[PDB]
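Printed here is data00.cif (mmCIF, N, CA, C and O atoms):
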```
data_start
#
loop_
_atom_site.label_atom_id
_atom_site.label_comp_id
_atom_site.auth_asym_id
_atom_site.auth_seq_id
_atom_site.Cartn_x
_atom_site.Cartn_y
_atom_site.Cartn_z
N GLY A 260 4.39 -6.19 8.73
CA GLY A 260 4.32 -4.80 8.22
C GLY A 260 5.55 -3.98 8.61
O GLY A 260 6.14 -4.22 9.66
N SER A 261 5.93 -3.02 7.77
CA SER A 261 7.13 -2.18 7.92
C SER A 261 7.13 -1.00 6.93
O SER A 261 6.53 -1.11 5.85
N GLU A 262 7.81 0.11 7.28
CA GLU A 262 7.93 1.36 6.51
C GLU A 262 6.60 2.15 6.39
O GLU A 262 5.52 1.63 6.71
N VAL A 263 6.66 3.40 5.92
CA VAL A 263 5.47 4.22 5.60
C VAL A 263 5.63 4.97 4.28
O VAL A 263 6.75 5.19 3.82
N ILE A 264 4.52 5.36 3.68
CA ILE A 264 4.43 6.04 2.39
C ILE A 264 3.48 7.24 2.57
O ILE A 264 2.41 7.07 3.16
N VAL A 265 3.88 8.42 2.09
CA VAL A 265 3.07 9.66 2.17
C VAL A 265 2.47 9.96 0.80
O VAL A 265 3.14 9.77 -0.21
N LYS A 266 1.19 10.36 0.76
CA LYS A 266 0.33 10.23 -0.44
C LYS A 266 -0.59 11.46 -0.68
O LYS A 266 -1.73 11.32 -1.12
N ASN A 267 -0.11 12.67 -0.37
CA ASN A 267 -0.89 13.93 -0.52
C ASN A 267 -0.03 15.21 -0.58
O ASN A 267 -0.45 16.22 -1.16
N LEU A 268 1.20 15.19 -0.05
CA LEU A 268 2.27 16.15 -0.38
C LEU A 268 2.39 16.36 -1.92
O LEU A 268 2.48 15.36 -2.63
N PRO A 269 2.42 17.61 -2.42
CA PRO A 269 2.62 17.94 -3.84
C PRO A 269 4.11 18.08 -4.19
O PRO A 269 4.96 18.17 -3.31
N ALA A 270 4.42 18.18 -5.48
CA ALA A 270 5.79 18.28 -6.01
C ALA A 270 6.59 19.51 -5.54
O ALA A 270 7.80 19.59 -5.76
N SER A 271 5.96 20.47 -4.85
CA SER A 271 6.63 21.61 -4.20
C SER A 271 7.49 21.20 -2.99
O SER A 271 8.43 21.92 -2.63
N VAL A 272 7.20 20.05 -2.37
CA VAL A 272 7.97 19.40 -1.29
C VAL A 272 8.67 18.15 -1.84
O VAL A 272 8.09 17.40 -2.63
N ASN A 273 9.94 17.95 -1.47
CA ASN A 273 10.87 16.98 -2.08
C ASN A 273 11.76 16.31 -1.01
O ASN A 273 11.72 16.70 0.15
N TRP A 274 12.58 15.32 -1.39
CA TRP A 274 13.32 14.42 -0.48
C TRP A 274 14.00 15.13 0.72
O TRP A 274 13.78 14.72 1.86
N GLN A 275 14.77 16.20 0.50
CA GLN A 275 15.52 16.83 1.60
C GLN A 275 14.60 17.56 2.61
O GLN A 275 14.94 17.63 3.79
N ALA A 276 13.43 18.05 2.18
CA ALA A 276 12.36 18.51 3.07
C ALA A 276 11.55 17.37 3.70
O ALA A 276 11.23 17.44 4.88
N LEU A 277 11.25 16.31 2.93
CA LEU A 277 10.56 15.09 3.41
C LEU A 277 11.30 14.52 4.62
O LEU A 277 10.68 14.25 5.64
N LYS A 278 12.64 14.43 4.55
CA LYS A 278 13.49 14.05 5.68
C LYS A 278 13.10 14.81 6.96
O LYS A 278 12.82 14.19 7.98
N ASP A 279 13.06 16.15 6.91
CA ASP A 279 12.80 17.02 8.07
C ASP A 279 11.42 16.81 8.72
O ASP A 279 11.31 16.98 9.94
N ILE A 280 10.41 16.35 7.96
CA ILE A 280 9.08 15.96 8.48
C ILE A 280 9.18 14.91 9.61
O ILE A 280 8.33 14.90 10.51
N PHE A 281 10.25 14.10 9.62
CA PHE A 281 10.51 13.06 10.63
C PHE A 281 11.82 13.32 11.40
O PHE A 281 11.92 13.00 12.59
N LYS A 282 12.82 13.98 10.79
CA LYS A 282 14.10 14.36 11.40
C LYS A 282 13.97 15.48 12.46
O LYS A 282 14.87 15.65 13.28
N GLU A 283 12.83 16.17 12.53
CA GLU A 283 12.53 17.15 13.60
C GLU A 283 12.58 16.56 15.03
O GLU A 283 12.74 17.32 15.99
N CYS A 284 12.52 15.23 15.18
CA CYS A 284 12.69 14.52 16.46
C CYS A 284 14.15 14.51 17.00
O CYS A 284 14.39 13.96 18.08
N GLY A 285 15.12 15.09 16.27
CA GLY A 285 16.53 15.20 16.68
C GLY A 285 17.41 14.02 16.26
O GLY A 285 18.53 13.87 16.76
N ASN A 286 16.92 13.18 15.35
CA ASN A 286 17.60 12.01 14.77
C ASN A 286 17.31 11.93 13.25
O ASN A 286 16.60 12.79 12.73
N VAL A 287 17.81 10.93 12.52
CA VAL A 287 17.40 10.66 11.12
C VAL A 287 17.39 9.16 10.79
O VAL A 287 18.20 8.39 11.31
N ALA A 288 16.46 8.76 9.91
CA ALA A 288 16.39 7.43 9.28
C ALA A 288 16.76 7.53 7.78
O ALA A 288 17.89 7.89 7.46
N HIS A 289 15.82 7.26 6.87
CA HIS A 289 15.99 7.39 5.41
C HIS A 289 14.64 7.53 4.65
O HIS A 289 13.60 7.08 5.13
N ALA A 290 14.65 8.14 3.46
CA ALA A 290 13.46 8.34 2.62
C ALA A 290 13.81 8.58 1.14
O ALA A 290 14.99 8.75 0.79
N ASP A 291 12.80 8.60 0.27
CA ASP A 291 12.95 8.78 -1.19
C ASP A 291 11.64 9.21 -1.89
O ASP A 291 10.55 9.15 -1.32
N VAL A 292 11.76 9.62 -3.15
CA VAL A 292 10.69 10.04 -4.07
C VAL A 292 11.00 9.51 -5.48
O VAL A 292 12.15 9.22 -5.79
N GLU A 293 9.98 9.41 -6.34
CA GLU A 293 10.11 8.89 -7.70
C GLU A 293 9.50 9.87 -8.71
O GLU A 293 8.28 10.03 -8.80
N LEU A 294 10.38 10.54 -9.47
CA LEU A 294 10.02 11.55 -10.47
C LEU A 294 9.33 10.92 -11.69
O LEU A 294 9.68 9.83 -12.14
N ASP A 295 8.37 11.67 -12.27
CA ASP A 295 7.84 11.40 -13.61
C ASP A 295 8.93 11.61 -14.70
O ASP A 295 9.91 12.31 -14.47
N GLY A 296 8.74 11.01 -15.88
CA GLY A 296 9.71 11.06 -16.99
C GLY A 296 9.99 12.46 -17.57
O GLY A 296 11.02 12.64 -18.21
N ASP A 297 9.13 13.45 -17.30
CA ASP A 297 9.38 14.87 -17.62
C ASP A 297 10.26 15.59 -16.56
O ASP A 297 10.61 16.76 -16.74
N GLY A 298 10.63 14.91 -15.47
CA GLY A 298 11.56 15.41 -14.44
C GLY A 298 10.92 16.29 -13.36
O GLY A 298 11.62 17.08 -12.72
N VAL A 299 9.60 16.17 -13.16
CA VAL A 299 8.78 17.17 -12.41
C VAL A 299 8.46 16.82 -10.95
O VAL A 299 7.91 17.66 -10.24
N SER A 300 8.81 15.61 -10.47
CA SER A 300 8.58 15.16 -9.07
C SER A 300 7.09 14.97 -8.68
O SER A 300 6.19 15.09 -9.52
N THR A 301 6.84 14.62 -7.41
CA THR A 301 5.56 14.08 -6.91
C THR A 301 5.17 14.55 -5.51
O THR A 301 3.97 14.69 -5.25
N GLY A 302 6.12 14.74 -4.59
CA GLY A 302 5.87 14.95 -3.15
C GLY A 302 5.48 13.65 -2.44
O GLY A 302 6.16 13.21 -1.52
N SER A 303 4.41 13.02 -2.92
CA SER A 303 4.09 11.60 -2.73
C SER A 303 5.35 10.71 -2.86
O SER A 303 6.01 10.71 -3.91
N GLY A 304 5.70 10.00 -1.78
CA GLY A 304 6.98 9.28 -1.64
C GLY A 304 7.06 8.35 -0.42
O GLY A 304 6.12 8.26 0.38
N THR A 305 8.19 7.65 -0.30
CA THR A 305 8.43 6.54 0.65
C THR A 305 9.35 6.97 1.80
O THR A 305 10.33 7.68 1.56
N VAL A 306 9.07 6.49 3.01
CA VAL A 306 9.85 6.77 4.23
C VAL A 306 10.20 5.44 4.90
O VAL A 306 9.32 4.65 5.25
N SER A 307 11.49 5.20 5.08
CA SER A 307 12.04 4.03 5.77
C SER A 307 12.27 4.39 7.24
O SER A 307 13.13 5.22 7.55
N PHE A 308 11.47 3.82 8.16
CA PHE A 308 11.36 4.36 9.51
C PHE A 308 12.55 4.03 10.43
O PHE A 308 13.30 3.08 10.18
N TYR A 309 12.67 4.79 11.52
CA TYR A 309 13.64 4.55 12.60
C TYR A 309 13.58 3.10 13.11
O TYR A 309 14.59 2.39 13.10
N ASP A 310 12.38 2.67 13.52
CA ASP A 310 11.96 1.31 13.89
C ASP A 310 10.44 1.31 14.11
O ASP A 310 9.83 2.37 14.32
N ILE A 311 9.82 0.13 14.13
CA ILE A 311 8.36 -0.04 14.31
C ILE A 311 7.87 0.58 15.64
O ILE A 311 6.77 1.13 15.71
N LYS A 312 8.73 0.58 16.67
CA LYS A 312 8.51 1.26 17.96
C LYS A 312 8.11 2.74 17.84
O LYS A 312 7.26 3.19 18.61
N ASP A 313 8.71 3.49 16.91
CA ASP A 313 8.43 4.92 16.77
C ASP A 313 7.50 5.22 15.58
O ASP A 313 6.82 6.24 15.57
N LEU A 314 7.41 4.29 14.61
CA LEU A 314 6.50 4.35 13.47
C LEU A 314 5.06 4.51 13.94
O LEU A 314 4.40 5.48 13.56
N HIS A 315 4.59 3.66 14.85
CA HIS A 315 3.21 3.72 15.37
C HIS A 315 2.92 5.02 16.16
O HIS A 315 1.80 5.53 16.11
N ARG A 316 3.94 5.59 16.81
CA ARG A 316 3.87 6.90 17.50
C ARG A 316 3.76 8.06 16.49
O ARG A 316 2.89 8.92 16.62
N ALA A 317 4.60 8.04 15.45
CA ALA A 317 4.63 9.04 14.38
C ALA A 317 3.39 8.99 13.46
O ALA A 317 2.93 10.02 12.99
N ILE A 318 2.82 7.79 13.26
CA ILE A 318 1.61 7.58 12.43
C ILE A 318 0.41 8.40 12.92
O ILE A 318 -0.31 8.96 12.09
N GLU A 319 0.23 8.53 14.23
CA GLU A 319 -0.83 9.35 14.83
C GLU A 319 -0.47 10.85 14.91
O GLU A 319 -1.36 11.70 15.06
N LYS A 320 0.82 11.20 14.84
CA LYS A 320 1.32 12.58 14.97
C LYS A 320 1.25 13.36 13.64
O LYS A 320 0.79 14.50 13.63
N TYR A 321 1.69 12.75 12.53
CA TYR A 321 1.87 13.46 11.25
C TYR A 321 0.74 13.23 10.24
O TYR A 321 0.53 14.08 9.37
N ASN A 322 -0.05 12.16 10.36
CA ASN A 322 -1.25 11.97 9.53
C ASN A 322 -2.31 13.03 9.91
O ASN A 322 -2.84 13.02 11.03
N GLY A 323 -2.60 13.97 8.99
CA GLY A 323 -3.45 15.14 9.24
C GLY A 323 -2.68 16.45 9.53
O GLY A 323 -3.32 17.48 9.76
N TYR A 324 -1.35 16.43 9.53
CA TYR A 324 -0.48 17.62 9.66
C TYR A 324 -0.06 18.17 8.28
O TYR A 324 -0.25 17.50 7.27
N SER A 325 0.52 19.37 8.20
CA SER A 325 0.93 20.00 6.92
C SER A 325 2.30 20.69 7.02
O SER A 325 2.54 21.50 7.92
N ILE A 326 3.23 20.40 6.09
CA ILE A 326 4.59 20.98 6.04
C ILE A 326 5.03 21.18 4.58
O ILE A 326 5.25 20.21 3.86
N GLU A 327 5.15 22.45 4.15
CA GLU A 327 5.69 22.86 2.83
C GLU A 327 4.85 22.36 1.63
O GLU A 327 5.32 22.36 0.48
N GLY A 328 3.60 21.94 1.87
CA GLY A 328 2.73 21.28 0.89
C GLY A 328 1.25 21.35 1.25
O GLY A 328 0.75 22.42 1.61
N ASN A 329 0.56 20.21 1.16
CA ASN A 329 -0.86 20.08 1.55
C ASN A 329 -0.96 19.53 2.99
O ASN A 329 0.05 19.25 3.63
N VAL A 330 -2.19 19.28 3.48
CA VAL A 330 -2.39 18.25 4.53
C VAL A 330 -1.82 16.92 4.03
O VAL A 330 -2.05 16.54 2.88
N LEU A 331 -1.03 16.24 4.86
CA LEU A 331 -0.34 15.00 4.52
C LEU A 331 -1.05 13.80 5.16
O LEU A 331 -1.55 13.86 6.28
N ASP A 332 -1.08 12.70 4.41
CA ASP A 332 -1.73 11.44 4.77
C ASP A 332 -0.73 10.29 4.61
O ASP A 332 0.08 10.29 3.68
N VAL A 333 -0.77 9.32 5.53
CA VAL A 333 0.28 8.32 5.76
C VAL A 333 -0.32 6.91 5.72
O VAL A 333 -1.30 6.62 6.40
N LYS A 334 0.31 6.03 4.94
CA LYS A 334 -0.04 4.61 4.77
C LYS A 334 1.20 3.71 4.97
O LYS A 334 2.32 4.20 5.02
N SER A 335 1.02 2.39 5.05
CA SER A 335 2.10 1.41 5.26
C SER A 335 1.92 0.16 4.38
O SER A 335 0.87 -0.03 3.76
N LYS A 336 2.94 -0.72 4.31
CA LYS A 336 2.91 -1.91 3.44
C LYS A 336 2.00 -3.06 3.95
O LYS A 336 1.69 -3.98 3.18
N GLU A 337 1.55 -3.00 5.21
CA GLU A 337 0.53 -3.88 5.81
C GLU A 337 0.97 -5.37 5.83
O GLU A 337 2.16 -5.66 6.03
N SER A 338 0.05 -6.32 5.65
CA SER A 338 0.30 -7.78 5.63
C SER A 338 -0.92 -8.53 5.05
O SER A 338 -1.98 -7.93 4.81
N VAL A 339 -0.80 -9.85 4.85
CA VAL A 339 -1.83 -10.76 4.32
C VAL A 339 -1.70 -12.13 5.00
O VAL A 339 -0.63 -12.75 4.94
N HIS A 340 -2.77 -12.58 5.65
CA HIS A 340 -2.78 -13.78 6.51
C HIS A 340 -4.18 -14.39 6.76
O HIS A 340 -4.31 -15.36 7.52
N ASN A 341 -5.23 -13.82 6.16
CA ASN A 341 -6.62 -14.03 6.59
C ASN A 341 -7.25 -15.37 6.15
O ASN A 341 -8.20 -15.83 6.79
N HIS A 342 -6.72 -15.99 5.08
CA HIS A 342 -7.15 -17.30 4.54
C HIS A 342 -8.62 -17.34 4.04
O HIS A 342 -9.35 -16.35 4.06
N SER A 343 -9.08 -18.50 3.55
CA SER A 343 -10.47 -18.84 3.19
C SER A 343 -10.59 -20.37 3.08
O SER A 343 -9.95 -20.99 2.22
N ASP A 344 -11.38 -20.99 3.96
CA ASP A 344 -11.40 -22.44 4.20
C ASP A 344 -12.75 -23.12 3.84
O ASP A 344 -12.90 -24.33 4.02
N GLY A 345 -13.73 -22.34 3.36
CA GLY A 345 -15.14 -22.72 3.25
C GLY A 345 -15.93 -22.18 4.44
O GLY A 345 -16.44 -22.94 5.27
N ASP A 346 -16.00 -20.85 4.54
CA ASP A 346 -16.47 -20.10 5.73
C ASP A 346 -17.94 -19.64 5.62
O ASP A 346 -18.40 -18.82 6.42
N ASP A 347 -18.69 -20.16 4.64
CA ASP A 347 -20.07 -19.83 4.32
C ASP A 347 -20.72 -20.99 3.54
O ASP A 347 -20.04 -21.88 3.02
N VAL A 348 -22.05 -20.98 3.47
CA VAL A 348 -22.94 -22.04 2.96
C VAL A 348 -24.19 -21.45 2.29
O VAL A 348 -24.49 -20.27 2.45
N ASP A 349 -24.93 -22.28 1.54
CA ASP A 349 -26.08 -21.88 0.72
C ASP A 349 -27.21 -22.94 0.75
O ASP A 349 -27.76 -23.34 -0.28
N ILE A 350 -27.53 -23.42 1.95
CA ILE A 350 -28.52 -24.48 2.24
C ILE A 350 -29.46 -24.08 3.40
O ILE A 350 -29.03 -23.35 4.30
N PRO A 351 -30.73 -24.55 3.41
CA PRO A 351 -31.70 -24.26 4.46
C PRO A 351 -31.41 -25.07 5.74
O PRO A 351 -30.69 -26.07 5.72
N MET A 352 -32.02 -24.64 6.85
CA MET A 352 -31.90 -25.26 8.18
C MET A 352 -33.11 -24.91 9.06
O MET A 352 -33.47 -23.74 9.20
N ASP A 353 -33.73 -25.93 9.67
CA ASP A 353 -34.94 -25.84 10.49
C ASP A 353 -35.16 -27.14 11.30
O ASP A 353 -34.53 -28.17 11.02
N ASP A 354 -36.09 -27.10 12.25
CA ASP A 354 -36.57 -28.26 13.01
C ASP A 354 -38.06 -28.07 13.38
O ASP A 354 -38.43 -27.17 14.13
N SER A 355 -38.92 -28.92 12.81
CA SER A 355 -40.38 -28.93 13.01
C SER A 355 -40.87 -30.22 13.71
O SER A 355 -40.28 -31.29 13.49
N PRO A 356 -41.95 -30.16 14.53
CA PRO A 356 -42.51 -31.33 15.19
C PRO A 356 -43.19 -32.27 14.18
O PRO A 356 -43.87 -31.81 13.25
N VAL A 357 -43.01 -33.58 14.36
CA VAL A 357 -43.47 -34.64 13.44
C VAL A 357 -43.42 -36.02 14.12
O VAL A 357 -42.52 -36.28 14.92
N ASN A 358 -44.39 -36.88 13.80
CA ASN A 358 -44.57 -38.23 14.36
C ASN A 358 -45.19 -39.20 13.33
O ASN A 358 -44.67 -40.33 13.19
#
```
So that I can check it, write out the structure of this file as structure tokens.
Amino acid sequence: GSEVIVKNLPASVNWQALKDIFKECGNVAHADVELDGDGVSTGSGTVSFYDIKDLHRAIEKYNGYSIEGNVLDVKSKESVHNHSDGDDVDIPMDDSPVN
């Protein structure tokens, strides 16, 4: 897993303000947004983090906070590794006395 995505900021907040939501720590990484075909923006956008070391710290700090928009909510690209090997069955099982 790597990077984060913000999913509740409205089109009133945009890339150069989105930067400051994380650049307030006295450093900068990188971020972006993807406009609709009418040119109207989203607020909802992608953040490329400093490193995974500070991502997990920032994830608990800014999820539920608000800056130039709504309450903001934060997600990540996650991973897939769980498999399926035949982990369940559909047959009876018991032991009764008999001679």
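Restricting the calculation to all atoms listed in the file, the smallest distance between residue 300 in chain A and any of A:317, A:326, A:270, A:288 is found for A:270.
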### Task
Run DSSP on the backbone of this structure and report the residues of range 264-298 of chain A it assigns to helix (DSSP H, G or I), as a ChimeraX atom specification.
/A:274-282
### Task
Using all atoms listed in the file, pick whichever of A:260, A:305, A:287, A:295 has the shortest atom-to-atom distance to residue 274 in chain A.
A:305
#### Entry: Counting only N, CA, C and O atoms, the option among A:345, A:318, A:290, A:306 closest to residue 333 in chain A
A:318
### Message
Evaluate the PyMOL selection byres (((chain A and resi 275 and name CA) around 12) and name CA) against this structure - the residues, as a ChimeraX atom specification, please.
### Response
/A:271-274,276-282,287,289-292,302,304,306,327
### Separation of CA of residue 293 in chain A from CA of residue 322 in chain A in Å
20.9 Å
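Secondary structure from DSSP on the backbone puts strand (DSSP E or B) at the following positions of range 307-337 of chain A: residues 307, 325, 330, 333, 334 and 335 of chain A.
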For the residues in that selection, give me N, CA, C and O atoms as a PDB file, in the coordinates of the input.
```
ATOM      1  N   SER A 307      11.490   5.200   5.080  1.00  0.00           N
ATOM      2  CA  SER A 307      12.040   4.030   5.770  1.00  0.00           C
ATOM      3  C   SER A 307      12.270   4.390   7.240  1.00  0.00           C
ATOM      4  O   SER A 307      13.130   5.220   7.550  1.00  0.00           O
ATOM      5  N   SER A 325       0.520  19.370   8.200  1.00  0.00           N
ATOM      6  CA  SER A 325       0.930  20.000   6.920  1.00  0.00           C
ATOM      7  C   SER A 325       2.300  20.690   7.020  1.00  0.00           C
ATOM      8  O   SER A 325       2.540  21.500   7.920  1.00  0.00           O
ATOM      9  N   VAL A 330      -2.190  19.280   3.480  1.00  0.00           N
ATOM     10  CA  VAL A 330      -2.390  18.250   4.530  1.00  0.00           C
ATOM     11  C   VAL A 330      -1.820  16.920   4.030  1.00  0.00           C
ATOM     12  O   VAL A 330      -2.050  16.540   2.880  1.00  0.00           O
ATOM     13  N   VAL A 333      -0.770   9.320   5.530  1.00  0.00           N
ATOM     14  CA  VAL A 333       0.280   8.320   5.760  1.00  0.00           C
ATOM     15  C   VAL A 333      -0.320   6.910   5.720  1.00  0.00           C
ATOM     16  O   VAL A 333      -1.300   6.620   6.400  1.00  0.00           O
ATOM     17  N   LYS A 334       0.310   6.030   4.940  1.00  0.00           N
ATOM     18  CA  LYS A 334      -0.040   4.610   4.770  1.00  0.00           C
ATOM     19  C   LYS A 334       1.200   3.710   4.970  1.00  0.00           C
ATOM     20  O   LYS A 334       2.320   4.200   5.020  1.00  0.00           O
ATOM     21  N   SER A 335       1.020   2.390   5.050  1.00  0.00           N
ATOM     22  CA  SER A 335       2.100   1.410   5.260  1.00  0.00           C
ATOM     23  C   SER A 335       1.920   0.160   4.380  1.00  0.00           C
ATOM     24  O   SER A 335       0.870  -0.030   3.760  1.00  0.00           O
TER      25      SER A 335
END
```
### Query
Could you state the separation of atom C of residue 264 in chain A and atom O of residue 342 in chain A in Å, given to one decimal place?
26.9 Å
Given 4 Å on each side, where is the centre and what are the edge lengths in Å to one decimal of the axis-aligned box enclosing the listed atoms of range 274-277 of chain A, as AutoDock Vina command-line options?
```
--center_x 13.0 --center_y 16.4 --center_z 2.1 --size_x 13.0 --size_y 12.3 --size_z 15.0
```
### Task
Name all residues at most 7 Å from residue 323 in chain A (count only C-alpha atoms; drop same-chain ones fewer than 3 positions away) and give them as an MDAnalysis selection string.
chainID A and resid 330:332
Would you mind exporting N, CA, C and O atoms of the selected residues as a PDB file, in the frame of the given file?
```pdb
ATOM      1  N   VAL A 330      -2.190  19.280   3.480  1.00  0.00           N
ATOM      2  CA  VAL A 330      -2.390  18.250   4.530  1.00  0.00           C
ATOM      3  C   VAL A 330      -1.820  16.920   4.030  1.00  0.00           C
ATOM      4  O   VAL A 330      -2.050  16.540   2.880  1.00  0.00           O
ATOM      5  N   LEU A 331      -1.030  16.240   4.860  1.00  0.00           N
ATOM      6  CA  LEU A 331      -0.340  15.000   4.520  1.00  0.00           C
ATOM      7  C   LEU A 331      -1.050  13.800   5.160  1.00  0.00           C
ATOM      8  O   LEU A 331      -1.550  13.860   6.280  1.00  0.00           O
ATOM      9  N   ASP A 332      -1.080  12.700   4.410  1.00  0.00           N
ATOM     10  CA  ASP A 332      -1.730  11.440   4.770  1.00  0.00           C
ATOM     11  C   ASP A 332      -0.730  10.290   4.610  1.00  0.00           C
ATOM     12  O   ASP A 332       0.080  10.290   3.680  1.00  0.00           O
TER      13      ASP A 332
END
```
### Message
Given the PyMOL selection byres ((chain A and resi 268) around 4.5) and the file above, list the residues it selects as a ChimeraX atom specification.
### Response
/A:266-267,269-270,301-303
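Of the listed residues (A:355, A:286, A:261, A:341), A:261 comes nearest to residue 307 in chain A; the distances count only C-alpha atoms.
Among the candidate residues A:314, A:336, A:321, A:297, the one lying nearest to residue 262 in chain A is A:336, with distances computed using only N, CA, C and O atoms.
Of note, atom N of residue 328 in chain A and atom C of residue 299 in chain A are spaced 14.6 Å apart.
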